[PDB]
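File shown here: target34.pdb, holding PDB, C-alpha atoms.
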```pdb
ATOM      1  CA  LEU O 198      97.295  91.268 109.098  1.00  0.00           C
ATOM      2  CA  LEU O 199      97.330  94.940 110.081  1.00  0.00           C
ATOM      3  CA  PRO O 200     100.159  95.582 107.586  1.00  0.00           C
ATOM      4  CA  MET O 201      98.595  92.996 105.299  1.00  0.00           C
ATOM      5  CA  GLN O 202      95.156  94.591 104.975  1.00  0.00           C
ATOM      6  CA  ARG O 203      96.512  98.117 104.649  1.00  0.00           C
ATOM      7  CA  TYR O 204      98.507  96.764 101.722  1.00  0.00           C
ATOM      8  CA  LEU O 205      95.235  95.326 100.442  1.00  0.00           C
ATOM      9  CA  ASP O 206      93.407  98.562 101.246  1.00  0.00           C
ATOM     10  CA  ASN O 207      95.561  99.609  98.417  1.00  0.00           C
ATOM     11  CA  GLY O 208      94.546  97.729  95.308  1.00  0.00           C
ATOM     12  CA  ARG O 209      97.452  95.304  95.476  1.00  0.00           C
ATOM     13  CA  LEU O 210     100.840  96.120  94.039  1.00  0.00           C
ATOM     14  CA  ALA O 211     102.620  93.583  91.865  1.00  0.00           C
ATOM     15  CA  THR O 212     105.608  95.893  91.447  1.00  0.00           C
ATOM     16  CA  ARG O 213     107.612  93.627  93.836  1.00  0.00           C
ATOM     17  CA  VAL O 214     108.910  96.705  95.648  1.00  0.00           C
ATOM     18  CA  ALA O 215     105.632  97.042  97.500  1.00  0.00           C
ATOM     19  CA  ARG O 216     105.934  93.323  98.043  1.00  0.00           C
ATOM     20  CA  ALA O 217     109.252  94.076  99.715  1.00  0.00           C
ATOM     21  CA  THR O 218     108.030  97.171 101.570  1.00  0.00           C
ATOM     22  CA  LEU O 219     105.240  94.967 102.811  1.00  0.00           C
ATOM     23  CA  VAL O 220     107.591  92.333 104.215  1.00  0.00           C
ATOM     24  CA  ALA O 221     110.221  94.561 105.827  1.00  0.00           C
ATOM     25  CA  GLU O 222     107.330  96.336 107.511  1.00  0.00           C
ATOM     26  CA  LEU O 223     105.442  93.075 108.051  1.00  0.00           C
ATOM     27  CA  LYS O 224     108.373  91.908 110.147  1.00  0.00           C
ATOM     28  CA  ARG O 225     108.450  95.239 111.951  1.00  0.00           C
ATOM     29  CA  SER O 226     104.846  95.385 113.141  1.00  0.00           C
ATOM     30  CA  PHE O 227     105.174  91.850 114.481  1.00  0.00           C
ATOM     31  CA  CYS O 228     108.336  92.600 116.469  1.00  0.00           C
ATOM     32  CA  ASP O 229     106.629  95.660 117.916  1.00  0.00           C
ATOM     33  CA  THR O 230     103.122  94.504 118.865  1.00  0.00           C
ATOM     34  CA  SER O 231     102.801  90.758 118.962  1.00  0.00           C
ATOM     35  CA  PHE O 232     102.195  90.436 122.709  1.00  0.00           C
ATOM     36  CA  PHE O 233     100.483  93.813 122.984  1.00  0.00           C
ATOM     37  CA  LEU O 234      98.396  93.304 126.119  1.00  0.00           C
ATOM     38  CA  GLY O 235     100.776  92.867 129.016  1.00  0.00           C
ATOM     39  CA  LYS O 236     103.391  94.722 126.997  1.00  0.00           C
ATOM     40  CA  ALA O 237     101.014  97.692 126.779  1.00  0.00           C
ATOM     41  CA  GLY O 238      98.494  96.459 129.307  1.00  0.00           C
ATOM     42  CA  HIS O 239      98.609  99.421 131.666  1.00  0.00           C
ATOM     43  CA  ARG O 240      98.356 101.889 128.795  1.00  0.00           C
ATOM     44  CA  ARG O 241      94.658 102.622 128.531  1.00  0.00           C
ATOM     45  CA  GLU O 242      93.506 104.035 125.125  1.00  0.00           C
ATOM     46  CA  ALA O 243      96.135 101.941 123.379  1.00  0.00           C
ATOM     47  CA  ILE O 244      94.190  98.827 124.335  1.00  0.00           C
ATOM     48  CA  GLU O 245      91.084 100.775 123.335  1.00  0.00           C
ATOM     49  CA  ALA O 246      92.828 101.270 119.999  1.00  0.00           C
TER      50      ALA O 246
ATOM     51  CA  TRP P 247      95.252 121.932 113.833  1.00  0.00           C
ATOM     52  CA  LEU P 248      91.737 120.708 113.081  1.00  0.00           C
ATOM     53  CA  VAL P 249      90.588 124.307 113.458  1.00  0.00           C
ATOM     54  CA  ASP P 250      92.947 125.081 110.586  1.00  0.00           C
ATOM     55  CA  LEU P 251      91.615 122.384 108.285  1.00  0.00           C
ATOM     56  CA  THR P 252      88.179 123.673 109.131  1.00  0.00           C
ATOM     57  CA  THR P 253      88.209 127.421 108.255  1.00  0.00           C
ATOM     58  CA  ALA P 254      91.078 127.680 105.802  1.00  0.00           C
ATOM     59  CA  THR P 255      89.228 127.614 102.488  1.00  0.00           C
ATOM     60  CA  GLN P 256      86.731 130.235 101.457  1.00  0.00           C
ATOM     61  CA  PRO P 257      83.189 128.918 100.828  1.00  0.00           C
ATOM     62  CA  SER P 258      82.216 128.831  97.168  1.00  0.00           C
ATOM     63  CA  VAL P 259      78.526 129.533  96.602  1.00  0.00           C
ATOM     64  CA  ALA P 260      75.226 129.208  98.456  1.00  0.00           C
ATOM     65  CA  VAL P 261      73.553 126.439  96.472  1.00  0.00           C
ATOM     66  CA  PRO P 262      69.877 126.081  97.455  1.00  0.00           C
ATOM     67  CA  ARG P 263      68.880 122.576  96.420  1.00  0.00           C
ATOM     68  CA  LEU P 264      71.845 120.938  98.167  1.00  0.00           C
ATOM     69  CA  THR P 265      70.918 120.980 101.845  1.00  0.00           C
ATOM     70  CA  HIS P 266      72.644 118.321 103.919  1.00  0.00           C
ATOM     71  CA  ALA P 267      71.728 119.142 107.494  1.00  0.00           C
ATOM     72  CA  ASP P 268      71.849 117.633 110.938  1.00  0.00           C
ATOM     73  CA  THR P 269      68.893 115.748 112.314  1.00  0.00           C
ATOM     74  CA  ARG P 270      66.739 118.750 113.300  1.00  0.00           C
ATOM     75  CA  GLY P 271      69.866 120.877 113.209  1.00  0.00           C
ATOM     76  CA  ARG P 272      72.075 123.178 111.222  1.00  0.00           C
ATOM     77  CA  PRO P 273      73.079 122.693 107.569  1.00  0.00           C
ATOM     78  CA  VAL P 274      76.368 120.842 107.141  1.00  0.00           C
ATOM     79  CA  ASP P 275      79.251 122.583 105.364  1.00  0.00           C
ATOM     80  CA  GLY P 276      82.440 120.494 105.577  1.00  0.00           C
ATOM     81  CA  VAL P 277      83.447 116.983 104.446  1.00  0.00           C
ATOM     82  CA  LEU P 278      86.773 115.748 105.936  1.00  0.00           C
ATOM     83  CA  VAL P 279      87.408 112.488 104.127  1.00  0.00           C
ATOM     84  CA  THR P 280      90.199 110.818 106.096  1.00  0.00           C
ATOM     85  CA  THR P 281      91.634 107.348 106.218  1.00  0.00           C
ATOM     86  CA  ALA P 282      90.189 104.641 108.431  1.00  0.00           C
ATOM     87  CA  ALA P 283      93.134 104.655 110.833  1.00  0.00           C
ATOM     88  CA  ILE P 284      92.974 108.400 111.498  1.00  0.00           C
ATOM     89  CA  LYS P 285      89.209 108.126 112.048  1.00  0.00           C
ATOM     90  CA  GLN P 286      89.907 105.814 114.991  1.00  0.00           C
ATOM     91  CA  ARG P 287      92.154 108.433 116.558  1.00  0.00           C
ATOM     92  CA  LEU P 288      90.364 111.774 116.248  1.00  0.00           C
ATOM     93  CA  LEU P 289      86.933 110.379 117.038  1.00  0.00           C
ATOM     94  CA  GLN P 290      88.456 108.307 119.842  1.00  0.00           C
ATOM     95  CA  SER P 291      90.141 111.038 121.849  1.00  0.00           C
ATOM     96  CA  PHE P 292      89.712 114.461 120.214  1.00  0.00           C
ATOM     97  CA  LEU P 293      86.190 114.963 118.863  1.00  0.00           C
ATOM     98  CA  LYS P 294      82.511 114.544 119.652  1.00  0.00           C
ATOM     99  CA  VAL P 295      79.596 113.126 117.670  1.00  0.00           C
TER     100      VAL P 295
END
```
What is this structure when it is put down as structure tokens?
Amino acid sequence: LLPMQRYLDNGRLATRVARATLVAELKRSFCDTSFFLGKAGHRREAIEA
Amino acid sequence: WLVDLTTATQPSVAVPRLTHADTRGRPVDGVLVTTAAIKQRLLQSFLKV
């Protein structure tokens, strides 16, 4: 939803490229921070963020 | 770097009727419209209120 709302904090883009730049970055933000606490649990100020 | 965004541009004109000021404080002079994600970074760990 963090890549999803920033796509919808654009207007929304039916150009189908920004559909695709959504998805290939939608899959990237998930692979990075799904399990964020415990993966970044000791990092203070990232859990604050 | 924020002290280069602040104090790069020359001030235009002393307009009298526009007086945005602090609460019992000095008149305001800058704007700094940012995005919502950068607001949660500068105000988090670089600036005061």
Checklist entry - Of the candidates P:278, P:295, P:249, P:283, which one gets nearest to chain O if we count only C-alpha atoms? => result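 Of the candidates, the smallest distance to chain O is held by P:283.
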Item to check | Distance query residue O:206 at most 12 Å, only C-alpha atoms, self and fewer than 4 positions along chain excluded, as a VMD selection string | outcome: (chain O and resid 198 to 202 210) or (chain P and resid 281 to 283)
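Here atom CA of residue P:287 and atom CA of residue O:230 stand 17.9 Å from one another.
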Checklist entry - What do you get, as a PyMOL selection string, if you spell out every residue that the PyMOL selection byres ((chain O) within 10 of (chain P)) selects here? => result chain O and resi 203+206+242+245-246
Checklist entry - Expanded to explicit residues, what is the PyMOL selection byres ((chain P and resi 248) around 12) for this file, as a VMD selection string? => result chain P and resid 247 249 to 254 276 278 288 292 to 293
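Between atom CA of residue O:231 and atom CA of residue O:204 the interatomic distance comes to 18.8 Å.
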Checklist entry - Expressed in Å to a single decimal, how great is the separation between atom CA of residue O:205 and atom CA of residue P:285? => result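 Between atom CA of residue O:205 and atom CA of residue P:285 the gap is 18.3 Å.
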Next on the checklist: Show me, as a list in words, the residues that have an atom within 12 Å of stretch 260-265 of chain P when counting only C-alpha atoms, minus same-chain residues fewer than 5 positions from it.
Outcome noted: residues 271, 272, 273, 274 and 275 of chain P
Item to check | Neighbour list for residue O:243 as a ChimeraX atom specification, cut-off 10 Å, all atoms listed in the file, skip fewer than 6 positions in-chain | outcome: /O:233-234,237
